[PDB]
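Before any comments, here is the structure.
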Amino acid sequence: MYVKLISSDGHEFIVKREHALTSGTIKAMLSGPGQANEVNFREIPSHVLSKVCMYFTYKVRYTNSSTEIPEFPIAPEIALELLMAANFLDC
Amino acid sequence: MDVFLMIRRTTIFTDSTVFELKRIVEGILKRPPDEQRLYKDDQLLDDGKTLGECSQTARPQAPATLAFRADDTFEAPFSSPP
Amino acid sequence: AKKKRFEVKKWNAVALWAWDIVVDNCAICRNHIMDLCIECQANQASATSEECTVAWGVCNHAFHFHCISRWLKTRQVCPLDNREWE
Amino acid sequence: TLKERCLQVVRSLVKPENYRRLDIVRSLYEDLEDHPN
Amino acid sequence: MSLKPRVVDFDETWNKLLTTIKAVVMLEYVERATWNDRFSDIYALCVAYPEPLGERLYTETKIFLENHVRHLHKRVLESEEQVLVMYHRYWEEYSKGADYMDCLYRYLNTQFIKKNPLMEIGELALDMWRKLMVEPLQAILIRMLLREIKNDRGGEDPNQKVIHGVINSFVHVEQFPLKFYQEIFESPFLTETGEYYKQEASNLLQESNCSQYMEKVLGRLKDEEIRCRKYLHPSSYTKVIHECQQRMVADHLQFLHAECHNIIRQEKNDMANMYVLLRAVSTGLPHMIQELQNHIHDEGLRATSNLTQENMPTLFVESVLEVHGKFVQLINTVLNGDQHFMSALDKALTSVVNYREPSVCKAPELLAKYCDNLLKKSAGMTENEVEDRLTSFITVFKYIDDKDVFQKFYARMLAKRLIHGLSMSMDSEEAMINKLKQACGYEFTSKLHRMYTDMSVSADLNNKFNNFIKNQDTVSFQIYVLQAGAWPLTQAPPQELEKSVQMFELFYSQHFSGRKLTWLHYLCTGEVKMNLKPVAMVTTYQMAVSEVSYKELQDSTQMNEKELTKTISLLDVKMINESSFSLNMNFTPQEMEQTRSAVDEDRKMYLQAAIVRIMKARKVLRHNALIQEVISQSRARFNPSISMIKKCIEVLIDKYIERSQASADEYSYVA
Ligand SMILES: [Zn+2]
Ligand SMILES: [Zn+2]
Ligand SMILES: [Zn+2]
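Chains as they are written, first to last, in the numbering used here: chain P, 842 to 932; chain C, 4 to 85; chain F, 13 to 98; chain X, 858 to 894; chain E, 195 to 865.
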């Protein structure tokens, strides 16, 4: 019903499990046997995981809806790291 | 009214008055609302006014913004690569 | 009572109605003048449910209209009297 | 998708002659040269 | 470290990662955090040396798969004939771990889909399970598995969980998914249960009675389906039973078909099971249906035969209706049916209602006197019921072969029933013609219809003459007038009396354009009741005067002695009564005999109409081919005499038809 997502910098990110089930890797993590829910990450920094989560919220909320679809701002120095963790999370 | 937030201390992603908002905060954190205050960087949010009055100022892909109470009355940043 | 009185009260009768010929069934074909002819009793098409088409002739012999009409096309002479019929 | 659209945002600020030297991800620079418009 | 590409050791992540793999296998306990670490411990491997390296992880993983499969092959081989038990714990301790490993290698394959033999690690692990089953186990196990199904009769029950896991374990592995299941298991089980039910088919058939055999095999099938649903996959439910019903039934069907003759001539359950079993057979039903037809022919004919000399059509109608009710109860009750059996009933009773004694066939006339008899006054029965009895009569009418003579007779039935005020209800006698009309059509009930209308037209017409009577200067009877083509009644051939007909007849000449009326005298009444209130039969016989004898006034007025001599009837009944005749002191076979010909000429007219109707639409026919189509057309009127159609042709070639030369039969049409 609710899962946690921890970054390597220490910032926690609690959100419902289905909001985290978007990326195949995380739905493969909660599929981990044991019962297991709380999840951590020892290689993804916070300034990247925050952007990944803010990316989740949009296309979880706004998809196939009725509105003019805007663009997506990405910082020109984290875009490398955001691209890397984007390759990691299979999303 | 249909607004996303960035309530921080921990950053939880959830989504009508301020009291029911403190219920949503109480969802997993499991603490009564009388132990929580809400500030917008310079101000105090009252419970007598609704959420829409206190919006669509926070897009869903980058929304914006919690001072707990220790005894009785409420008291008391990401990285950057080179 | 009386023996020979015989007062004649209520009478009754019954009678058929046909057209002004004998007829022996409109000799052109061998059906009755008031019963459907060959093309109509066989055609199974539209027709009046009680009198298809009774056609009197000026020669004072009445036939079915389209019997004496088809016969009228193939040969103008009247069948019964070898003259011109109408 | 976050991966492919971050690729698209990066390709707007990286020369086509620097798709291998950036050393972003060694299983990804083989994809920096496969995504036209 | 960070997610930046770091060249990491090859055993550091491989020890804890490997032990984590072995912990996921068999559903052993794995920690909530190490599982959260393995994805990093694989992404770090698949990136930086400074080249991808998943090709190693795939091969090593396949090696561990092989070693594990062979270990459980030595454990499974150790199990003496219980290879399926440790094999059940093996698969049920292997599937969830396999899927969890497939989820554990997501990034291993998302950068590997662009490079594919034997990708999809999950499909490859299940491929290794296939490498466990291709072993002589596939020869052993099924032999050891069917042995637990071979114990079918009284050999129950093992764990449906274990065997259902073993058999269900075959339809799980595929990139034609049912191929392995069909080849390895479905053919041997199929043919072996085929042998089983052949052997036990002959074993049961030697043991039991016929009805006991059918009861037993029905129970056996009802159990067999539940068994197949306990053990097998649904993809064979239709097939497996199809073998069973093919060997226990339809493999001996001569026997069942032989006992059918007996069983359908017993009103007694065994016959219901007979239908049930014969129905699922290639050819099971036809003999049974045939025998029900013959049965109903026999019992029916038997009912309609017991009434000879008893001069009752009511018993004949009620008897045929009795049979029909009997067998409709039968067929609807026990046979889940039907339409075939119902049609057999219809054919049988079709042949019952037509007698061929030397007459002939005595059915239509009786079915005319049933209506005429059931419509008279009889001052008796009760209405609101006569229409019910006619509603029953609709069927016995339905089966008549010759509706022709039924029509021609009911015409005179209705004629005498109207022209002499014999009917009981105009509103009802109309509804009868409504019944005949909704049974045959417009052509069949036309003369009847306007034959019924001439009574209303005659009433209104009588009113109009009542007005025209006193409508001039200065100035007692009522008349029926008839359309003269719809009425079979004839004149049957004396001078005007008190007169008064012409003072009335000028009305019918002025009201209609050119209608010629002819007066019928055969059916005219008078005024009865001498004065001496309480028989009084005087309607015809218009003589009305000494007192004089019969042969002493042979010199009557102008009238012929054809029917006059038969009516001189008044000196016979009451009022005149050769020696001495004193005044009173107080108060159809031959018709039908010569009626039998109008049916003949009406058939000639009807078949003539068929000849023209057919020869116009289609252009030319050979002499044979026009016939069988005249027959096809006039089917429901009567069976026409081929002796009549040919002469009818030879009559119509004198009027509409021409024929040139008979080398090949040929008949053309002329306008
Ligand atoms: Zn006509
Ligand atoms: Zn003429
Ligand atoms: Zn004519």
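A virtual CB, placed ideally from N, CA and C, is assigned to each residue, including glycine.
First through last residue of the beta strand (DSSP E) which encompasses residue i
i: E:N725; result: Run containing E:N725: none; DSSP gives neither H nor E here.
i: E:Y850; result: No beta strand (DSSP E) contains E:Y850, which DSSP labels as neither H nor E.
i: E:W713; result: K710 to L714
i: F:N24; result: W23 to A30
i: P:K845; result: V844 to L846
Boundaries of the alpha helix (DSSP H) in which residue i is found, first to last residue
i: E:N656; result: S640 to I663
i: F:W83; result: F77 to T86
i: E:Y800; result: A792 to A811
i: E:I457; result: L447 to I457
i: E:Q484; result: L479 to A497
i: E:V522; result: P507 to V528
i: E:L676; result: No alpha helix (DSSP H) contains E:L676, which is instead part of the beta strand (DSSP E) from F671 to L676.
i: C:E23; result: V21 to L32
i: E:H267; result: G248 to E272
i: E:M338; result: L331 to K344
i: E:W285; result: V277 to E286
i: E:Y431; result: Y431 to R441
i: P:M925; result: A920 to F929
Contact belief for residue i with residue j at Cβ below 8 Å, rounded distance in angstroms
i: P:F913; j: X:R862; result: 7 Å
i: F:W83; j: E:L711; result: Rounded, the Cβ-Cβ distance is 29 Å, inconsistent with contact.
i: P:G865; j: E:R226; result: Incorrect: roughly 20 Å between the Cβ atoms, too far for contact.
i: E:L197; j: P:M925; result: 5 Å
i: E:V528; j: E:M482; result: About 12 Å; that fails the 8 Å criterion.
i: E:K813; j: E:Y863; result: 6 Å
i: C:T68; j: C:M9; result: 4 Å
i: E:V599; j: E:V793; result: 5 Å
With 16 other Cβ atoms within 10 Å as the buried cut-off, status of residue i
i: E:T639; result: buried
i: E:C438; result: buried
i: residue 885 of chain E; result: A query on residue 885 of chain E cannot be resolved here, the shown segment of chain E reaching from 195 to 865 and no further.
i: E:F706; result: exposed
i: E:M195; result: exposed
i: X:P873; result: exposed
i: F:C71; result: exposed
i: E:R831; result: buried
i: E:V411; result: buried
i: E:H282; result: buried
i: E:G574; result: exposed
i: E:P507; result: buried
i: P:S907; result: exposed
i: E:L298; result: buried
i: P:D931; result: buried
i: E:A858; result: exposed
i: P:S891; result: buried
Q: Pick out the complete alpha helix (DSSP H) segments inside the region 61-85 of chain C, 4 residues or longer, and give them in chain order.
A: none
(Q) Can you pull out the residues from the region 227-245 of chain E whose beta carbon lies closer than 7 Å to at least one beta carbon of chain X? (A) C240, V241, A242, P244 and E245
Q: Select from the region 60-78 of chain C all residues with a C-beta closer than 9 Å to any C-beta belonging to chain P, and list them in chain order.
A: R62, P63, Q64, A65 and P66
Q. Counting only runs that start and end within the region 537-614 of chain E, where is the alpha helix (DSSP H) found for 4 or more residues in a row?
A. 557-569, 580-592 and 597-613
Q: Return the chain-ordered ranges of every alpha helix (DSSP H) run that is complete within the region 857-881 of chain P and spans a minimum of 4 residues.
A: 858-861 and 865-871
**Q.** Chain-ordered residues of the region 863-878 of chain X with a beta carbon less than 7 Å from chain P
**A.** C863, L864, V866, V867 and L870
Q. What residues from the region 10-31 of chain C come within 8 Å of chain P, judged by C-beta to C-beta, listed N to C?
A. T13, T14, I15, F16, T17, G30 and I31
Q) Using a beta-carbon distance cut-off of less than 8 Å, what residues from the region 880-898 of chain P approach chain X? A) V893 and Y896
Q | Selection of the region 667-679 of chain E by Cβ proximity to chain F, strictly under 8 Å | A | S670, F671, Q672, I673, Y674, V675, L676, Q677, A678 and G679
Q. In the region 432-451 of chain E, which residues sit with their C-beta less than 7 Å from some C-beta in chain P, listed in chain order?
A. none
**Q.** Under 8 Å (Cβ pairs) to chain E, residues found in the region 52-64 of chain F
**A.** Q53, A54, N55, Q56, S61 and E62
Q: Return the chain-ordered ranges of every alpha helix (DSSP H) run that is complete within the region 349-398 of chain E and spans a minimum of 4 residues.
A: 354-362
Q. Between the region 789-801 of chain E and chain F, which residues of the former have a C-beta closer than 8 Å to a C-beta of the latter?
A. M799
Q) Along the region 848-860 of chain P, what residues have a CB closer than 7 Å to any CB found in chain C? A) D850, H852, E853, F854, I855, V856 and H860
Q: May I ask you to list, following chain order, the residues of the region 858-877 of chain P that have a beta carbon less than 7 Å from some beta carbon of chain E?
A: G865, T866, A869, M870, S872, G873, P874, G875 and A877
**Q.** Proximal residues, the region 709-742 of chain E versus chain F, C-beta separation under 7 Å
**A.** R709, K710, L711, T712, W713, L714, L717, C718, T719, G720, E721, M724, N725, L726, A738 and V739
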